[PDB]
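In order of appearance the chains are A, B, C and D, and numbering begins at 1 in each one.
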Amino acid sequence: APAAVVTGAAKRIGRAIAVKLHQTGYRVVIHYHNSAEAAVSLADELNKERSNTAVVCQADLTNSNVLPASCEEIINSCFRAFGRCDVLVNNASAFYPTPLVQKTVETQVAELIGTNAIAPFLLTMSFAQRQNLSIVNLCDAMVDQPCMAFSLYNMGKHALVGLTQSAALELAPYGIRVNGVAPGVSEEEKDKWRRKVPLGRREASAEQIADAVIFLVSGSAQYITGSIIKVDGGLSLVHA
Amino acid sequence: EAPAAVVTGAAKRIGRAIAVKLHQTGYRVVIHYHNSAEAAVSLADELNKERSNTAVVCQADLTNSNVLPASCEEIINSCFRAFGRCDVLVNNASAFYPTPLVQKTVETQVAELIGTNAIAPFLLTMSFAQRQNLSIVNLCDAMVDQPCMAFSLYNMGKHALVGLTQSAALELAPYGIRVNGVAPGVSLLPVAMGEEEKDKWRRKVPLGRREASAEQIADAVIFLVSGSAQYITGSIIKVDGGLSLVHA
Amino acid sequence: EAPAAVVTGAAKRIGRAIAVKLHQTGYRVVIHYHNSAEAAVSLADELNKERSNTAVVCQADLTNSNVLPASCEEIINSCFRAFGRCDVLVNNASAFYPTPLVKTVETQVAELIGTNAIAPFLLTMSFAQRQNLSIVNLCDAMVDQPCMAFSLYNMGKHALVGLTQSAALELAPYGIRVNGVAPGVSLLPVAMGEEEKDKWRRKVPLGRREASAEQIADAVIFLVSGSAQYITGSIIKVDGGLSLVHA
Amino acid sequence: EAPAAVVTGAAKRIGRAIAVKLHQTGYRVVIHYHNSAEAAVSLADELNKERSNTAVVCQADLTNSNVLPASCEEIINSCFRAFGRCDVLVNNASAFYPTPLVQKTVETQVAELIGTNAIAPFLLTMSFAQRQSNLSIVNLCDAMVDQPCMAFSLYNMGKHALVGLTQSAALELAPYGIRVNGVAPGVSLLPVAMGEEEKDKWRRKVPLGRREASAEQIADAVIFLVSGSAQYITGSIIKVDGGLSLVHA
């Protein structure tokens, strides 16, 4: 049985990814930063289905002198639990506005660029160095119609498109595929967003995102590398 | 009942693999073909041996002309006549040959290249929608932005198909119809291409230094028509082994 | 010694502005038109009063048909016949109207795909066969967030991006550059109520206004200039940031 | 009163070409430089000899650090200190080297590649906007960012982030009348270290003329974007690549 690392797996999209990979037959490393209770609750549910198939791993993914070691630790944890590491899902993300005109700004850089781009880079290095192997990066379908005042966030998501493509090229000789899934929209403010989605009749779910990840790690995607699949209900096609 | 799909240019290569994989999934299929009647009929025989009454053939030229609308309406009508429903449309048929800018008539080249690649998909899409997990899949080209030299009209047609995929995804979403694309890089090489040229192409692909099988292309089509893609519309999935990422 | 340019759909609006600015820059111009004969002639008369023997008109339907190749060959030949050379081609003419998925549809195809794509393709072939040479295609900045029910128009504009790129690649060895200018919202329809024009104007980040024809023309003048000698295959958005705005 | 521009990494090569052409157009210029002090001063002397009191130098490391925000505020402040205004910012300075995924610390590489290429442009854009007519920012991008060189992941990440900044800042700064655009070279001046044969390998790939862009040709696109002939253009990235990005493998 193969093994997968999912970053930010305690909640929301990462949790759904971890569940679906587990349902597919993977052993999973559930990475978390602050959500230890939720991480361990998930691992408890998964291990009750199949014993010793889920572990947790704590790491802050903010950029800092120690982030490379932290990322090597996450990958190492998968090898120590399971003896292998077939899949890496870069799901963890920080998200908040950083206006250009008026935490320090450099802490924002560390958290937005670090979590969203540099940690994926370092995880990707550690994953490859230790080697159907495939990395999936959680991108953003709205990368080229960005939210107002989200410059740093958007820079980091752009940088992650760059990583996806550069790592796809560079790791292809090692048989490692590298792809992305780009959610769009995944309560008055929540309804405003839902009514703009062309496929709005359906509610967006974490499960839907997870379905795309499962496709890309599967044997049905064996020739796919460097691809980013939008899972956005058509929202990125909608003009202002 | 079992859902039903139309696959254009289904007698051979990628279209044939799509038809087979849809039929293995549970769909009843219309095997559209233009010249390859023996292959189309042999495929329908094979599929019907596995399940009776689950495949039919439909012949049509998809070159643009004043009767193309009627031809495309007839292909969708053929699926309703055989199966009583039409759930999936795969726009696979394509003309492909060079049209140099500097030295068949050029109008015939337009009709064939733009017709098969773009206008026939558009008209099929209109007829599919009008006749109503509904979904259209367009076979695009991952190398559309790094085109082969002297293939202007082909490239124009494949860009127009990207436009149709996006415009139809937007317009048809209220009707429950998803519209997506699959973009091969190099898959099955042309029957006419020489051995040495085939190898040159295969050596460029980062992922394995080989072309995609037809079945690998079909696998992406399968995903996009499946319930695991219910929130995906307007997306074009490259299935190219990294080839579009490789600089000159 | 003065260079010459063909501008399609040049009687009015953006094409007229382009023609004027090329003339101001020193080009002799072919003013192509379809229905707008009085406006095309008034422009040519205006430009020839500024400098004699610097403007002609050429009428043609750019709808696709059996005869479109010969029409496009004629348009290019008209520049050589008047001016002895053809340095610049600007593919500006365009049909634009909705074609809902749910005039015959084949006439719509001929018009929308012809004007926006096939005529540019044929003009490009005739331009190159007859040879700072450069083609500029008028594209659409909103081609990836299209208007609802405009599929044929959007198909046509996407095909023109493909032509721009394919032609840039193939014509580079002949020294011919091929680029695009992609407006967002520029001159609004004639009949459109101010209330409706203002809904579009308020979307534009940059000044909450549409581009003037002149501002589109300025990008065309840049691309044909010596300041753009290394630029080919590029499409310059002239959209005030409109394509960057989410739903 | 003549307008004023800041050009990062302006002592040599493309940055020098941009500073020169902005000066020739009538701008007063801040020539930012990190290590090329003798080249920066030689350039400022040449410009000042053409028109007195129209060029100054400004030294800064654009590596990311906790002081980078102050450094970037000081670069902008230097233009107001010399000239009393700052109309144009050209983000040109760039670190460029390979960072292979499979085997300077990697943190230092991050700080240098992502700092120069992305974070410093972001901090400079914040400081330019805060200190505020034809105001505009031009970011030096990379036409090949989608067909990247092997083993240049961090560089490519930084250039992709710069695309994002160009678009996000165009959107946010448009209400203030500040336009934000890019110029994306393909191959222009080849690296100083590169041998002739390897330079020719790159040259032979370019459709338009089988040669690299001159520095002047890159600067031409920057001058257009900062001109009144680009007054409606914001969020646009102009490729200046001779067709290179269109060439398949």
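Methods note: a contact is a pair of C-beta atoms (placed from the backbone, for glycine too) under 8 Å apart; a residue touches a chain by one contact, two chains touch by 3 or more.
Counting hops only between chains that touch, chain A reaches chain C in a minimum of 1. Across B-D and A-D, the chain pair carrying more C-beta contacts is A-D.
Separation between the centroids of chain B and chain D, computed from CA atoms only, is 44 Å.
With centres set at the average Cα position, the gap from chain B to chain C is 32 Å.
Of all residues in chain A, those touching 2 or more other chains are 144, 146, 165, 169, 236-238, listed in ascending order. Taken as a graph of touching chains, this assembly is complete, with every chain in contact with every other. Contact between chains, using the touch rule, shows up for A-B, A-C, A-D, B-C, B-D, C-D.
Residue ranges on chain D touching chain A, taken from their complex, read 64-66, 68-69, 100-103, 106-107, 110, 114, 118-119, 122-123, 125-126, 129-130, 145-146, 148, 150-154, 156-165, 167-169, 171-173, 176. Contact residues of chain A toward chain B in the complex are 165, 168-169, 172-173, 175, 177, 198-202, 204-205, 208, 211-212, 214-215, 220-227, 229-234, 236-238. Interface residues of chain B facing chain D in the complex, by the touch rule stated above, are 143, 145-148, 204, 243-248.
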